[PDB]
Amino acid sequence: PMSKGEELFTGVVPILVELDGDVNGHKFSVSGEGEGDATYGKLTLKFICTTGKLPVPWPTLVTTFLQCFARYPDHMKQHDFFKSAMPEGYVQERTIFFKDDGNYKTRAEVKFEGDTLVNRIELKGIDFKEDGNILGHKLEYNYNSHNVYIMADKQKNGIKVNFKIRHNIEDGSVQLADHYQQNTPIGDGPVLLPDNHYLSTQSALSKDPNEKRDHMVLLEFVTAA
């Protein structure tokens with residue numbers, strides 16, 4: 001292959017997602033489970049809020065809830081930092097600025113625990129407007145397609161990422177979430193540091209009609225470029 005860790009993703013890999021969140025004081029925890037298939041770049045997940053009802057819309061948390069499952073084509077596996085960081089994993093820090101509303105601050109650890117790919121997150125949301133689009137729940141239960149731009153970080157043998165999410169507001173228009181992401185490896189061994197390249201995402205949000213807990217099922221498709 002191109003990296004040792006890439007061989008960890010040659011099969012469908014089960015996923016565990018854990019988030020502790022806090023938004024304008026509202027505390028919540030989410031658990032998610034599912035599997036990823038990096039050779040297609042497909043991910044299917046079902047998250048449940050385990051503390052009651054999510055204080056913010058589920059689409060706002062999609063990008064916080066696994067980029068080691070991106071399908072890197074053959075002529076591009078030399079650019080796949082995420083798998084090269086494995087098994088030991090990487091920290092994934094992000095500051096999301098929602099246009100004209102508050103911010104999320106998120107810290108995650110993405111690593112193999114056993115045979116499962118685990119993304120363990122802490123999220124802090126501050127300065128949200130009581131009736132803005134987030135705390136007003138004015139977003140639509142859907143998700144656009146995005147292009148997330150990836151650059152190597154030579155000083156930290158990691159990657160600096162920047163992209164912008166489009167949250168379809170119920171009134172038709174778009175509420176921007178501007179993501180500032182930093183990925184830093186947990187282990188000593190070398191990593192693949194990529195030439196500037198894009199990741200293409202597609203995401204489907206739906207529900208599990210025999211689960212009556214606040215939940216989100218996510219069908220995500222990620223590919224390199």
# chains A, B, ... in the order shown; residues from 1 in each chain; ligands from 1

$ closest_atom_pairs --of "range 63-151 of chain A" --to "range 166-183 of chain A" --cutoff "6 Å" --atoms "only C-alpha atoms" --output "tab-separated table"
residue	atom	partner	partner_atom	distance
A:91	CA	A:183	CA	5.6
A:92	CA	A:183	CA	4.6
A:93	CA	A:182	CA	5.3
A:94	CA	A:181	CA	4.3
A:95	CA	A:180	CA	5.2
A:96	CA	A:179	CA	4.5
A:97	CA	A:178	CA	5.0
A:98	CA	A:177	CA	4.3
A:99	CA	A:176	CA	5.4
A:138	CA	A:170	CA	5.7
A:139	CA	A:169	CA	4.4
A:140	CA	A:170	CA	5.3

$ write_last_selection --atoms "N, CA, C and O atoms" --output "PDB file, in the first residue's frame"
ATOM      1  N   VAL A  91      -5.620  13.595  16.915  1.00  0.00           N
ATOM      2  CA  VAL A  91      -6.562  14.573  17.446  1.00  0.00           C
ATOM      3  C   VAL A  91      -7.135  15.377  16.292  1.00  0.00           C
ATOM      4  O   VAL A  91      -6.453  15.655  15.298  1.00  0.00           O
ATOM      5  N   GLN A  92      -8.411  15.723  16.393  1.00  0.00           N
ATOM      6  CA  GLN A  92      -9.064  16.556  15.393  1.00  0.00           C
ATOM      7  C   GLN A  92      -9.779  17.688  16.116  1.00  0.00           C
ATOM      8  O   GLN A  92     -10.761  17.453  16.830  1.00  0.00           O
ATOM      9  N   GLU A  93      -9.158  18.865  16.049  1.00  0.00           N
ATOM     10  CA  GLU A  93      -9.659  20.091  16.712  1.00  0.00           C
ATOM     11  C   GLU A  93     -10.377  20.931  15.661  1.00  0.00           C
ATOM     12  O   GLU A  93      -9.918  20.965  14.513  1.00  0.00           O
ATOM     13  N   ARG A  94     -11.481  21.562  16.042  1.00  0.00           N
ATOM     14  CA  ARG A  94     -12.232  22.379  15.065  1.00  0.00           C
ATOM     15  C   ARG A  94     -12.900  23.559  15.766  1.00  0.00           C
ATOM     16  O   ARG A  94     -13.341  23.406  16.913  1.00  0.00           O
ATOM     17  N   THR A  95     -12.886  24.712  15.103  1.00  0.00           N
ATOM     18  CA  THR A  95     -13.668  25.880  15.567  1.00  0.00           C
ATOM     19  C   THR A  95     -14.635  26.193  14.429  1.00  0.00           C
ATOM     20  O   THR A  95     -14.167  26.467  13.316  1.00  0.00           O
ATOM     21  N   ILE A  96     -15.931  26.082  14.699  1.00  0.00           N
ATOM     22  CA  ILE A  96     -16.937  26.335  13.678  1.00  0.00           C
ATOM     23  C   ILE A  96     -17.613  27.662  13.999  1.00  0.00           C
ATOM     24  O   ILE A  96     -18.177  27.837  15.084  1.00  0.00           O
ATOM     25  N   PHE A  97     -17.528  28.604  13.065  1.00  0.00           N
ATOM     26  CA  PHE A  97     -18.170  29.910  13.172  1.00  0.00           C
ATOM     27  C   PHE A  97     -19.432  29.882  12.313  1.00  0.00           C
ATOM     28  O   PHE A  97     -19.353  29.764  11.089  1.00  0.00           O
ATOM     29  N   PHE A  98     -20.591  29.954  12.958  1.00  0.00           N
ATOM     30  CA  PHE A  98     -21.862  30.116  12.267  1.00  0.00           C
ATOM     31  C   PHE A  98     -22.101  31.591  11.977  1.00  0.00           C
ATOM     32  O   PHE A  98     -22.018  32.429  12.886  1.00  0.00           O
ATOM     33  N   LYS A  99     -22.404  31.905  10.714  1.00  0.00           N
ATOM     34  CA  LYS A  99     -22.540  33.296  10.293  1.00  0.00           C
ATOM     35  C   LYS A  99     -23.663  33.980  11.052  1.00  0.00           C
ATOM     36  O   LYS A  99     -24.832  33.595  10.921  1.00  0.00           O
ATOM     37  N   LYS A 138     -34.192  26.407  13.192  1.00  0.00           N
ATOM     38  CA  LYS A 138     -34.767  26.835  11.923  1.00  0.00           C
ATOM     39  C   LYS A 138     -34.097  26.170  10.737  1.00  0.00           C
ATOM     40  O   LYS A 138     -34.370  26.535   9.588  1.00  0.00           O
ATOM     41  N   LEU A 139     -33.252  25.182  10.990  1.00  0.00           N
ATOM     42  CA  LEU A 139     -32.567  24.473   9.934  1.00  0.00           C
ATOM     43  C   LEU A 139     -33.443  23.343   9.405  1.00  0.00           C
ATOM     44  O   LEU A 139     -34.404  22.902  10.045  1.00  0.00           O
ATOM     45  N   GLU A 140     -33.116  22.878   8.217  1.00  0.00           N
ATOM     46  CA  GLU A 140     -33.853  21.758   7.670  1.00  0.00           C
ATOM     47  C   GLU A 140     -33.118  20.459   7.946  1.00  0.00           C
ATOM     48  O   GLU A 140     -31.889  20.411   7.987  1.00  0.00           O
TER      49      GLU A 140
END

$ select_by_dssp --residues "range 68-206 of chain A" --states "alpha helix (DSSP H)" --output "number ranges by chain"
A: 81-84

$ closest_residue --among "A:51, A:22, A:6, A:150" --to "residue 127 in chain A" --atoms "only C-alpha atoms"
A:22

$ residues_around --residues "range 73-77 of chain A" --least-positions-apart "2" --cutoff "12 Å" --atoms "only C-alpha atoms" --output "ChimeraX atom specification"
/A:1-7,38-41,68,70-71,79-84,191-199,222-225

$ write_last_selection --atoms "C-alpha atoms" --output "JSON list (two decimals), in the first residue's frame"
[["chain", "number", "residue", "atom", "x", "y", "z"],
["A", 1, "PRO", "CA", 0.00, 0.00, 0.00],
["A", 2, "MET", "CA", 1.09, 3.64, 0.66],
["A", 3, "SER", "CA", 0.98, 3.53, 4.48],
["A", 4, "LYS", "CA", 0.77, 0.82, 7.11],
["A", 5, "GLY", "CA", -2.46, 2.23, 8.56],
["A", 6, "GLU", "CA", -4.18, 2.20, 5.18],
["A", 7, "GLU", "CA", -4.42, -1.61, 5.48],
["A", 38, "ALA", "CA", -13.12, 3.48, 3.02],
["A", 39, "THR", "CA", -12.70, 1.58, -0.23],
["A", 40, "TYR", "CA", -16.04, 3.06, -1.31],
["A", 41, "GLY", "CA", -15.74, 6.03, 1.04],
["A", 68, "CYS", "CA", -10.10, 8.27, 7.75],
["A", 70, "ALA", "CA", -12.45, 8.90, 2.77],
["A", 71, "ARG", "CA", -12.04, 6.91, -0.44],
["A", 79, "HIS", "CA", -2.05, 11.98, 0.17],
["A", 80, "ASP", "CA", -4.12, 10.10, 2.79],
["A", 81, "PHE", "CA", -2.83, 11.45, 6.10],
["A", 82, "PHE", "CA", -5.79, 10.13, 8.07],
["A", 83, "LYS", "CA", -5.07, 6.42, 7.63],
["A", 84, "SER", "CA", -1.31, 6.91, 8.03],
["A", 191, "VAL", "CA", 2.72, 10.06, 8.19],
["A", 192, "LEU", "CA", 1.77, 10.82, 4.60],
["A", 193, "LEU", "CA", 1.76, 14.59, 4.17],
["A", 194, "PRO", "CA", -0.51, 15.48, 1.27],
["A", 195, "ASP", "CA", -0.30, 17.80, -1.67],
["A", 196, "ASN", "CA", -3.17, 20.27, -1.45],
["A", 197, "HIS", "CA", -6.29, 18.30, -2.37],
["A", 198, "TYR", "CA", -10.05, 18.38, -1.91],
["A", 199, "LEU", "CA", -12.39, 15.96, -0.20],
["A", 222, "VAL", "CA", -16.66, 10.94, 1.06],
["A", 223, "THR", "CA", -14.07, 10.86, -1.72],
["A", 224, "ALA", "CA", -10.65, 12.39, -2.37],
["A", 225, "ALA", "CA", -9.96, 14.57, -5.44]]

$ closest_residue --among "A:122, A:220, A:131, A:100" --to "residue 21 in chain A" --atoms "only C-alpha atoms"
A:122

$ residues_around --residues "range 202-204 of chain A" --least-positions-apart "2" --cutoff "10 Å" --atoms "only C-alpha atoms" --output "VMD selection string"
chain A and resid 42 to 44 59 62 to 63 141 to 147 200 206 217 to 223

$ atom_distance --atom1 "CA of residue 9 in chain A" --atom2 "CA of residue 114 in chain A"
13.8 Å

$ closest_residue --among "A:69, A:125, A:25, A:33" --to "residue 12 in chain A" --atoms "only C-alpha atoms"
A:69

$ residues_around --residues "residue 18 in chain A" --least-positions-apart "2" --cutoff "9 Å" --atoms "only C-alpha atoms" --output "ChimeraX atom specification"
/A:16,20,29-33,65,118-122

$ write_last_selection --atoms "N, CA and C atoms" --output "compact mmCIF listing (two decimals), in the first residue's frame"
# COMPACT_ATOMS: atom_id res chain seq x y z
N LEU A 16 -17.60 3.75 16.49
CA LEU A 16 -18.21 4.23 17.71
C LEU A 16 -17.99 5.73 17.81
N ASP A 20 -19.52 14.51 24.27
CA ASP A 20 -20.03 15.34 25.36
C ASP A 20 -20.11 16.78 24.85
N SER A 29 -25.21 14.65 25.79
CA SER A 29 -24.29 13.62 25.34
C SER A 29 -24.95 12.87 24.20
N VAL A 30 -24.16 12.50 23.20
CA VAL A 30 -24.67 11.71 22.09
C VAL A 30 -23.80 10.46 21.97
N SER A 31 -24.43 9.34 21.63
CA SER A 31 -23.71 8.13 21.25
C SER A 31 -24.11 7.73 19.84
N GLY A 32 -23.14 7.26 19.08
CA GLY A 32 -23.38 6.85 17.72
C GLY A 32 -22.64 5.56 17.46
N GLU A 33 -23.14 4.82 16.47
CA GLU A 33 -22.59 3.51 16.13
C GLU A 33 -22.79 3.29 14.63
N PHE A 65 -19.52 14.82 14.28
CA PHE A 65 -19.66 13.36 14.32
C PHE A 65 -18.79 12.78 13.22
N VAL A 118 -13.08 4.73 16.66
CA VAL A 118 -13.77 5.50 17.68
C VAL A 118 -13.44 6.98 17.51
N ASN A 119 -14.48 7.81 17.44
CA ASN A 119 -14.33 9.26 17.38
C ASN A 119 -14.95 9.81 18.67
N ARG A 120 -14.10 10.33 19.56
CA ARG A 120 -14.52 10.74 20.89
C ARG A 120 -14.40 12.25 20.98
N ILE A 121 -15.51 12.92 21.23
CA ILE A 121 -15.54 14.36 21.03
C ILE A 121 -15.95 15.07 22.31
N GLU A 122 -15.45 16.29 22.45
CA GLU A 122 -15.92 17.28 23.39
C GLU A 122 -16.26 18.52 22.59

$ select_by_dssp --residues "chain A" --states "strand (DSSP E or B)" --output "PyMOL selection string"
chain A and resi 13-23+26-37+42-49+71+90-98+103-113+116-126+139+146-153+158-169+174-185+197-206+215-224

$ closest_residue --among "A:11, A:66, A:88, A:164" --to "residue 113 in chain A" --atoms "only C-alpha atoms"
A:88

$ residues_around --residues "residue 116 in chain A" --least-positions-apart "5" --cutoff "8 Å" --atoms "only C-alpha atoms" --output "PyMOL selection string"
chain A and resi 13-16

$ closest_residue --among "A:57, A:158, A:36, A:136" --to "residue 215 in chain A" --atoms "only C-alpha atoms"
A:57

$ closest_residue --among "A:209, A:190, A:185, A:55" --to "residue 108 in chain A" --atoms "only C-alpha atoms"
A:185
